[PDB]
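Undergrad: quick one: experimental structure and sequence below.
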Amino acid sequence: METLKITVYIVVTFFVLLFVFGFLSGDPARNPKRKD
Amino acid sequence: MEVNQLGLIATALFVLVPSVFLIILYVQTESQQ
Amino acid sequence: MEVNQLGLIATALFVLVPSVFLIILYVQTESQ
Amino acid sequence: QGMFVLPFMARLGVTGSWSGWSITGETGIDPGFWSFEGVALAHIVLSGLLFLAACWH
Amino acid sequence: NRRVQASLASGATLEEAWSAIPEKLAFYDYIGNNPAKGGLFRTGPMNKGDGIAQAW
Amino acid sequence: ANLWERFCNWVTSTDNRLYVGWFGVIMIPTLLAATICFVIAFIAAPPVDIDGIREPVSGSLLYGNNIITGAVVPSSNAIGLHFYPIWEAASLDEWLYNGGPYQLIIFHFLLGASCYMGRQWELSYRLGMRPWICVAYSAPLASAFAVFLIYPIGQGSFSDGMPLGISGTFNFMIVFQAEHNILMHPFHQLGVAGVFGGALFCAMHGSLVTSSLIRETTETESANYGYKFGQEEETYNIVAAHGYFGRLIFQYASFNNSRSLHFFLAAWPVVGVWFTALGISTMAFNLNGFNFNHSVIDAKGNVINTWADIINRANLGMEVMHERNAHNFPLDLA
Amino acid sequence: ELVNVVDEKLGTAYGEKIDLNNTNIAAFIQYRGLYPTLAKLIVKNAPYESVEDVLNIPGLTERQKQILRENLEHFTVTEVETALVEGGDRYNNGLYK
Amino acid sequence: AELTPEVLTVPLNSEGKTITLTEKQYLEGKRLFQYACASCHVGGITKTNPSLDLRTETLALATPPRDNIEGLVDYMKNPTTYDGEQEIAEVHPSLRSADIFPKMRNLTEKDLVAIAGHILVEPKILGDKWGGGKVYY
Amino acid sequence: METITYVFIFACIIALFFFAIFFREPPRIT
Amino acid sequence: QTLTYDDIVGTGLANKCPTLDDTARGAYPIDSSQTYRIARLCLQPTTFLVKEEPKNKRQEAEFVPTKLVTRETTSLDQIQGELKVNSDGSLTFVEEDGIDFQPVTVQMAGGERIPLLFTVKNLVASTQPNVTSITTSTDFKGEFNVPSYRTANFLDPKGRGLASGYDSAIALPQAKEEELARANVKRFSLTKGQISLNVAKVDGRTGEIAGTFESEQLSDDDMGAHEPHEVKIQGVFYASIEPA
Ligand SMILES: CCCCCCCCCCCCCCCCCC(=O)OC[C@H](CO[C@@H]1O[C@H](CO[C@H]2O[C@H](CO)[C@H](O)[C@H](O)[C@H]2O)[C@H](O)[C@H](O)[C@H]1O)OC(=O)CCCCCCCCCCCCCCCCC
Ligand code: CLA
Ligand code: CLA
Ligand SMILES: CC(C)=CCC/C(C)=C/CC/C(C)=C\CC/C(C)=C/CC/C(C)=C/CC/C(C)=C/CC/C(C)=C/CC/C(C)=C\CC/C(C)=C/CC1=CC(=O)C(C)=C(C)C1=O
Ligand code: HEC
Ligand SMILES: CCCCCCCCCCCCCCCCCC(=O)O
Ligand code: OEY
Ligand SMILES: [Cl-]
Ligand SMILES: [Cl-]
Ligand SMILES: [Fe+2]
């Protein structure tokens, strides 16, 4: 059960970091008109 | 469970008859153009 | 008569499925 | 009981179910993933991946 | 029969010698499990024919 | 040109057949988890002791349910609001008996739906659109939050959240009426107005536009082929529609500004459904619908019943029978 | 052969008087001076072979014995019915108003 | 129907003397009952011990009989159990226990008569509803 | 048999979803 | 170190009986001129075994193992009662009161749920004659009562019950009732169980004992709807003794 616990913890952490770093990677600038 | 035994044929024909009808109409539409 | 109850569905689909196949092919032949 | 594929799983070493019975009559057994249910699941998943491969090609 | 003839040799009774035959082994000595006893449109499991074997 | 920047570019790409986006990165897995667990629980889950009284309720098809009666059953009352992931159970056998999958499904679904609403903001930004479609979807989203999360929080148990099934839903409604007199709550009444009116104005708007389609086709073809995707000219005559509708009622009860009209269409059901989601969410804290039981009495003090008291007779019959084995003391305080 | 034993019991004196061996304690409120003090003692000391046995409860004051005599004719005894005395149902049978 | 003196006539004591309240008294009794008593005794039941209600027939079999003004007034001062065997002022509101039940502090002797009067009138108007519980709502 | 029927229909609906999305008639402009 | 509630809560420890130190190998002497009571008896099950139905001739199936699915809710505790001395030096414990039942449901291989009322209600257990000291070889043997798992107010899913509920299958108004009698007439079973307590540790100073127990009883019969199973329960116990 702990293997599972650990696995899920790692998977969630990973997806949350994608999400946070993706929005920190200049998201305002990713639109079709004024970029900055 | 003690279900009505004609429920199966009822359901199968209920699906199959009108579906086949639509498929016939669609395919002969495609071989026109 | 104490016949098989899946006999009806087997006979029905045995007729229905291949026949619809042929009908589909004949109608789209005619419309071209 | 008219079991057709059950013996081919039994033949090569799959002998238990996730519900804790085995075909040798032994109760209370942990087959791990490769139970009768796990082998079936695997073939369904595999079937679905091959489906997508087919659309791509 | 071998097993029975042995038990009687060791001096068990008829009841004792036949009671030592496993059900599994007798069940094989039954023509209902002979695969050449069926019919092409007799469908389903063998239990649907002679029934579910309960005891020797 | 760097690995990360390439990934960021695919994630946020407007060329993907389905937009992914940063909200999508959370949404895709959470919805897949919820969907797979739901499909399997709906077909094969063993019965669940929803009410914690060791009285398992059968919800899945293979245990004698059909489509209408089946449900993924809420988690045990013995768990209350405690978190019950798989790894908190001694076995899957235990997790299944106690309603484990309901919790897995609804948490993943609330996350994924929340991210669904964010994703509607995000693509709107990538395409140069105005942003508030996601504000419209917050009304259904709030409603799901209310029946799966808020109402359990206020009542202290996910066993009183809404079951994931057709008859389960109706069970939730009858129990809710008995305890909250929801029919007599203004926020539910506004919800009916939002939903009846939504259906009304849907039909109105569809009939008025359909009524003023400009003749572009023959009688032997669908009039739908009079419109080509991306044509610049409108396909109906809005003044003829205004001229019909203003006369059907009177002139100033009709829109001739398409923007005000379509904004009206958005606002009415969205606002009504906000209120009805707020009604569920505030009856979660037991601020119930109006109580007029015995409000009318005569000069002597005899009670003169009204329709409200008849409602109450129904409500009592729902009260006394629900969860018939679960109550040991005379007040069902939650 | 399959009989509902509670229904059957309603066909006995249990169905017309206060059964000292089976009736739930809230029934002693129907007669004066019985509840809660004597009703408590009565239930705790059941079972009784005869209605007269309740007067031989150790500790009864002479006034408590008087109240029992006054009420002996509203009492009965019948065989203990497991279904009515298990689960502590003589103190709380799940019935309120 | 109306609130006639016949219905406002209730026993004063066990000896059989009676007293006719006024409509003023009744309404005042109802209001004071709501202020001090309804939280447990709404509709003449007892929420925290449903086996004991305020029906007149129940009050009559209580020791001290309580189906009269005096017994009811005494009860609000020195409540006892149904057999009268013990005083229960520490778990039941009363003037003897107004220190721990502060709502009883400002009740006068006349307020008690009205509360007691309302309790005795109300089954005459409502019948089985009074103390009958939800079955009769 | 009723379980098979219910799941069969549901599965046909999911497959239809796949075709309706990935194998739609593409919208073309003017 | 005496633990507090907030140390225990949520750990599962509240379901465990107190343990005795592995050194506790004393003997607690018994003065027949004194009277004694068990101030606390704690029973903590660790294993649930269920007897199978071999269906065939003289095979008599065995006890197979089961998975518990109702969690850490299984222990009896705070049980007390007279510890008497008989005219032969044997000791008899008479249970008086305590949390002496727990509903448990375990699951067999194949998915069958077996619910059971794990109990020692009305327990009476005796030692051998001439004890005079409780030691790490003393055995108690007794029988107890096993009331129906559900009591008389319990209503089945169609509303039928014993002291409450419908008396027929009201969804089948003109069905023949003879076939439904077993499920329409509820019945309150009352069966006996058997228990052995084997003392393995004794703190002579404090009167605390601890050891091992095996009990055999019947499972739930769902108010006579179906036949019960036989259940074997194994675990550990702890009891504290006091001069009365
Ligand atoms: C749609 C388009 C989009 C494309 C998406 C891409 C494709 C995605 C495909 C995914 C499809 C997944 C399908 C999930 C199947 C669920 C299987 C399950 O839950 O099955 C799990 C099985 C079930 O276990 C058995 O489950 C049983 C459950 O019994 C129940 O079920 C029984 C049979 O049904 C009977 O009913 C029985 O009576 C009833 O109680 C018993 O409890 C057994 O003791 C128990 O072992 O578990 C096991 O033993 C098996 C192994 C798990 C071991 C766990 C140990 C920890 C290891 C960590 C694993 C983490 C997972 C990997 C992470 C990956 C990330 C890198
Ligand atoms: C290698 C193939 C194969 C084999 C050997 C089996 C064997 C078995 N199956 Mg499985 N089965 C299979 C494929 C197979 N199955 C497939 C593909 C499916 C999916 C449809 C199934 C679905 C299935 C189910 C659902 C069940 C079985 C069951 C069984 C058992 C009994 C079968 C029975 O009564 O047959 C009856 C067979 C017939 C009546 C034969 C019909 C042949 C006719 C003559 C048609 C051919 C005529 C043709 C049109 C002529 C046209 C000629 C033209 C050119 C002129 C048996 C162990 C049963 C069982 O016991 O389950 C536990 C059961 O319930 N099977
Ligand atoms: C004619 C009578 C009538 C009418 C018109 C209504 C109308 C309504 N009631 Mg009332 N009700 C009635 C009688 C009536 N009721 C009676 C008689 C009772 C008592 C028995 C009740 C008890 C009652 C309760 C207890 C509740 C309602 C609620 C509602 C609302 C339901 C719709 C809704 O919640 O949308 C809101 C939108 C949603 C719920 C949608 C969520 C969508 C999510 C985000 C996406 C789902 C994705 C999905 C899983 C997969 C789809 C994708 C796939 C197909 C590809 C609506 C205002 C509900 C309410 O207010 O909820 C807030 C509610 O809980 N009613
Ligand atoms: C014995 C004796 C003497 C007795 C005396 C008896 C006596 C005197 C009898 C005499 C009676 C007498 C002769 C009759 C006169 C009585 C009279 C005044 C009748 C009263 C009539 C009456 C009851 C009216 C019914 C009330 C009625 C429904 C009015 C309310 C108006 C109403 C709800 C309008 C909604 C308007 C609105 C904002 C929404 C419409 C939906 C909408 C948004 C559609 C979308 C849409 C709109 C567009 O606009 C266009 C453009 C397009 C594209 C489009 O999508
Ligand atoms: C709960 C906090 C109560 C409040 C407030 C009031 N009453 Fe009460 N009452 C309560 C209980 C639990 C009981 C039973 C006491 C017992 O153990 O016997 C009662 C009982 C009465 C009775 C006697 C009923 C009878 O003999 O049939 C009376 C007359 C009564 N209570 C009156 C009364 C009044 C007048 C109150 C307002 C001042 C009042 N009670 C408040 C619980 C509670
Ligand atoms: C899960 C608990 C049991 C341990 C699992 C063992 C590891 C997985 C074994 C899977 C067996 C498949 C091997 C044969 C496949 C041959 C390779 C191929 O053709 O793709
Ligand atoms: O309404 Mn009635 O109240 Ca809210 O709990 Mn008490 O009973 Mn039960 O768990 Mn579902 O339900
Ligand atoms: Cl319910
Ligand atoms: Cl309760
Ligand atoms: Fe429009």
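TA: Perfect, I can see it now. Residues are numbered from 1 along each chain as shown, chains lettered A, B, ... in the order given. Ligands and ions are numbered 1, 2, ... in the order given.
Undergrad: what helix or strand is residue 21 located in?
TA: I went with chain A, as the question did not name one. helix A:2-24 (DSSP states H and E).
Undergrad: right idea, wrong chain: chain I
TA: Counting by DSSP H and E, residue I:21 is found in helix I:2-22.
Undergrad: what about stretch G:48-55, near chain H?
TA: No - Stretch G:48-55 stays clear of chain H (CB under 8 Å from any CB of the partner chain), getting no nearer than 15.5 Å. In this view, the C-beta of every residue, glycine as well, is placed from N, C-alpha and C.
Undergrad: pull the CA atoms of that stretch into CSV?
TA: Taking Å, rounded to 0.1, in the frame of the first residue of the first chain, the C-alpha atoms of stretch G:48-55 are listed here in CSV:
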residue,chain,number,x,y,z
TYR,G,48,-40.8,-13.2,38.0
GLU,G,49,-42.7,-16.5,38.1
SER,G,50,-45.8,-14.8,39.6
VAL,G,51,-47.1,-11.2,39.7
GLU,G,52,-46.8,-11.6,43.5
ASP,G,53,-43.0,-11.9,43.3
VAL,G,54,-42.6,-8.2,42.8
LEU,G,55,-43.4,-7.5,46.4
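Undergrad: list the contacts for the residue sitting furthest away from the middle of chain F?
TA: Distance from the centre of chain F peaks at residue F:300, with 47.6 Å (CA atoms, centre = their mean). Taking CB atoms under 8 Å, 6 or more residues apart in numbering or on different chains, we find residue F:300 in contact with H:1-4, H:7, H:125.
Undergrad: other SSEs contacting the helix holding residue I:21?
TA: helix B:7-30 (3 or more CB pairs under 8 Å, 6 or more residues apart in numbering or on different chains; DSSP states H and E).
Undergrad: and the helix it packs on, which residues are buried?
TA: B:8, B:11-12, B:20, B:24, B:28 (16 or more other CB atoms under 10 Å in any protein chain shown).
Undergrad: ok, those vs residue D:47, which is closest?
TA: Nearest to residue D:47 among the buried residues of helix B:7-30, counting by CB to CB, is residue B:12 at 23.5 Å.
Undergrad: next one: the nearest residue to that closest one once chain neighbours are set aside from ligand 4, what distance?
TA: The spatial neighbour of residue B:12 that comes closest, neighbours along the chain excluded (CB to CB, 6 or more residues apart in numbering or on different chains), is residue C:9 at 6.5 Å. For residue C:9, the distance to ligand 4 equals 49 Å [CB to the nearest ligand atom, to the nearest Å].
Undergrad: residue contacts, residue C:9?
TA: By CB under 8 Å, 6+ apart, residue C:9 lies in contact with B:8-9, B:12.
Undergrad: I'd like to know how far it sits from ligand 9.
TA: Using CB to the ion, to the nearest Å, residue C:9 is found at 51 Å from ligand 9.
Undergrad: what of residue E:46?
TA: Applying CB to the ion to residue E:46 and ligand 9 gives a distance of 54 Å.
Undergrad: please state the backbone phi and psi of the residue farthest from the centre of chain F?
TA: phi -80, psi -20 (degrees, to the nearest 10).
Undergrad: cool, and residue F:116?
TA: phi -60, psi -40.
Undergrad: centre-most residue in chain G?
TA: residue G:20 (2.7 Å).
Undergrad: pretty sure residue F:100 is in contact with residue F:84, am I right?
TA: Yes - counting by CB atoms under 8 Å, residue F:84 is a contact partner of residue F:100 at 5.8 Å.
Undergrad: need the residues touching each of those two.
TA: With CB under 8 Å, 6+ apart as the test, residue F:100 and residue F:84 both reach residue F:75.
Undergrad: what sits closest to the closest residue to chain G within the stretch 151-300 of chain F if chain neighbours are left out?
TA: Here the residue of the stretch 151-300 of chain F nearest chain G is residue F:293; by CB to the nearest CB that distance is 16.0 Å. Ranked by CB to CB, 6+ apart and with sequence neighbours excluded, the top spatial neighbour of residue F:293 is residue F:312, at 5.0 Å.
Undergrad: A helix includes that neighbour, no?
TA: Yes - counting by DSSP: H, G, I helix; E, B strand; the rest coil, residue F:312 is located in a helix.
Undergrad: neighbours around it, how many?
TA: 22 (other CB atoms under 10 Å in any protein chain shown).
Undergrad: now the one 5 residues further on
TA: Taking other CB under 10 Å as the criterion, the count of residues near residue F:317 is 12.
Undergrad: what does residue G:75 give?
TA: Count around residue G:75 with other CB under 10 Å applied: 21.
Undergrad: same thing with residue J:57?
TA: 11.
Undergrad: look at it and tell me its secondary structure.
TA: Per three-state DSSP, residue J:57 ends up coil.
Undergrad: tell me the secondary structure for the closest residue to it other than its chain neighbours?
TA: Nearest residue to residue J:57 in three dimensions, chain neighbours excluded: residue E:55, at 5.7 Å (CB to CB, 6+ apart). Here residue E:55 is recorded as coil under three-state DSSP.
Undergrad: run through the bridge partners of the most centrally placed residue in chain J.
TA: Taking CA atoms, centre = their mean, the centroid of chain J lies closest to residue J:119, which sits 2.8 Å from it. Applying DSSP bridges to residue J:119 gives these bridge partners: residue J:101.
Undergrad: same deal with residue J:140?
TA: Under the criterion used (DSSP bridges), residue J:140 bridges to residue J:197.
Undergrad: tell me the SS of the residue of chain B at minimum distance from chain A?
TA: Sorted by distance to chain A under CB to the nearest CB, the residues of chain B start with residue B:1, at 35.0 Å. Following three-state DSSP, the label given to residue B:1 is coil.
Undergrad: who's more crowded, residue F:100 and residue F:84?
TA: Using other CB under 10 Å as the criterion, residue F:100 and residue F:84 rank with residue F:100 on top: 24 against 21.
Undergrad: separation between residue F:325 and residue A:10?
TA: 43 Å (CB to CB, to the nearest Å).
Undergrad: pretty sure residue H:3 is touching residue H:23, no?
TA: Yes - applying CB under 8 Å as the test, residue H:3 and residue H:23 come out as touching, 5.5 Å apart.
Undergrad: these two - which one has more neighbours?
TA: residue H:3 (18 against 12).
Undergrad: OK, contacts around the more buried one?
TA: F:299-301, H:23, H:26.
Undergrad: tell me the residue of chain J that sits nearest ligand 8?
TA: residue J:157 (10.5 Å; CB to the ion).
Undergrad: ok, the stretch 1-150 of chain F next?
TA: residue F:51 (8.2 Å).
Undergrad: my guess is that residue contacts residue F:157, does it?
TA: No - in this structure, residue F:51 is not within contact of residue F:157 by CB under 8 Å, at 9.2 Å.
Undergrad: joint contacts of those two?
TA: Joint contacts of residue F:51 and residue F:157 (CB under 8 Å, 6+ apart) are residue F:77.
Undergrad: where does the residue located most distally from the centre of chain E land in three-state SS?
TA: Of all residues in chain E, residue E:41 has its C-alpha farthest from the mean position, at 25.9 Å, by CA atoms, centre = their mean. The three-state label given to residue E:41 by three-state DSSP is coil.
Undergrad: OK, contacts around residue G:23?
TA: So residue G:23 contacts G:14, G:84, G:90 (CB under 8 Å, 6+ apart).
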